[PDB]
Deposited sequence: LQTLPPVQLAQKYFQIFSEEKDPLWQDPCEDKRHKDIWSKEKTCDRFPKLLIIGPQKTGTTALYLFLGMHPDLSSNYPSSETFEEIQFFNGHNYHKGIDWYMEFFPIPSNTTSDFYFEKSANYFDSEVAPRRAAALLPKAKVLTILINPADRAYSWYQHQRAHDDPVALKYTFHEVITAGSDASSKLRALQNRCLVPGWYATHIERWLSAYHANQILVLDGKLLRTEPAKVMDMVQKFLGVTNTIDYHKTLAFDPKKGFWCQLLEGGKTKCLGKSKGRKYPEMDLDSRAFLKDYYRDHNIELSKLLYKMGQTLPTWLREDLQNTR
């Protein structure tokens, strides 16, 4: 395992959206790319919009492998929801891009866990298709290894504070931005504003004016000519049943403490507490 150091250049991302998954990363990624001054990486035929360099096996491929993803607009960014959870990504990223901006998006952990479950079912994951949500989150003494594994993938990434500390040890607080996932989905133009301000955007664009709520889609989309909308794909904003109330409550109890710690950490980081977080904490 190596540790690519800062080569200095201009062909490197200046912002990293580390996830986690199912928090609205693709939407932030899509809306940000709309700003004429900000440019995303080119898609991978294996990981699509994501690069996934710092997290796992792709990192030992070298710096040039990474640089190729970016154009040769003068501010690039990449998104890999796998970075948030990654243990090694923080220091590996800090070593190569010490001055990079780090952005993360948080939604209620319970819904984030539910979305992952629904996500694995959509991709026809057998363990996810075989067990119900409650069975996954309460997987126990009679639970299989695969079932247990799916539970970890639903719940662990939701220990927001734990992972944010790993990134906070590799990056200064003023180089990190914790977004409200609920606000991004409910009022995207509001967070698109905080992001721009956070990136030091010279010519701020108003998204209120050129985004729009698509009722048949149930989410915001890009406003085009004459009412028209360009929304995210079918795999984004999947149509499934509201999560069980008992399951919700069960998870509410489980994260209570994680959420207490998060509230303290963010405050200490100088980040505004997410709406969903204030409610859960009351």
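Open item on the list: Where does the structure fail to cover the deposited sequence at the C-alpha level?
Closed with: Counting from residue 1, the stretches without coordinates are 1 to 21, 30 to 43, 108 to 112, 323 to 325.
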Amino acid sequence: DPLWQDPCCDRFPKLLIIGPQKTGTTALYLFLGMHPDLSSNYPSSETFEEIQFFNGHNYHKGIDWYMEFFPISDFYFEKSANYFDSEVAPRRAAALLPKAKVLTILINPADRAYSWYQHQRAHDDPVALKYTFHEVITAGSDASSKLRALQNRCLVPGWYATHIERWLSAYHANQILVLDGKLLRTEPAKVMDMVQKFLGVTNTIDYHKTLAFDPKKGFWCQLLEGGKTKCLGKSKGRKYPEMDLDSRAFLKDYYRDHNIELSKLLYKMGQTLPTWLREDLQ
From here on, numbers count along this sequence of modelled residues.
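Open item on the list: Per the record, averaged over C-alpha atoms, which has the higher B-factor: 182 to 190 or 135 to 143?
Closed with: Comparing 135 to 143 with 182 to 190, the higher average CA B-factor belongs to 135 to 143.
TODO: Name the higher of the two by mean Cα B-factor in the PDB entry, 169 to 177 versus 102 to 110.
DONE: Mean C-alpha B-factor is greater for 169 to 177.
Open item on the list: I'd like to know which of 70, 219, 29, 53 has the highest C-alpha temperature factor in the PDB entry.
Closed with: Highest C-alpha B-factor among the listed options: 70.
Open item on the list: Sorting 202, 82, 115, 152 by Cα temperature factor from the record, which one lands on top?
Closed with: Of 202, 82, 115, 152, 202 has the highest C-alpha B-factor.
Open item on the list: When the deposited Cα B-factors of this chain's modelled residues are ordered and cut into thirds, is residue 258 in the lowest, the middle or the highest one?
Closed with: It falls in the middle third of the chain.
Open item on the list: Could you place residue 195 in the lowest, middle or highest third of its chain by Cα temperature factor, using the values in the record?
Closed with: CA B-factor rank for residue 195: lowest third.
Task: Chain third (lowest, middle, highest) by recorded CA B-factor, residue given as residue 48 - done: As the PDB entry reports it, the C-alpha B-factor of residue 48 lands in the middle third of its chain.
- [ ] Pull the Cα B-factor of residue 89 out of the PDB entry and bin it into the chain's lowest, middle or highest third.
- [x] Lowest third.
Open item on the list: Ranking every modelled residue in this chain by its Cα temperature factor as given in the entry, which third contains residue 213?
Closed with: Its C-alpha B-factor belongs to the middle third of this chain's values.
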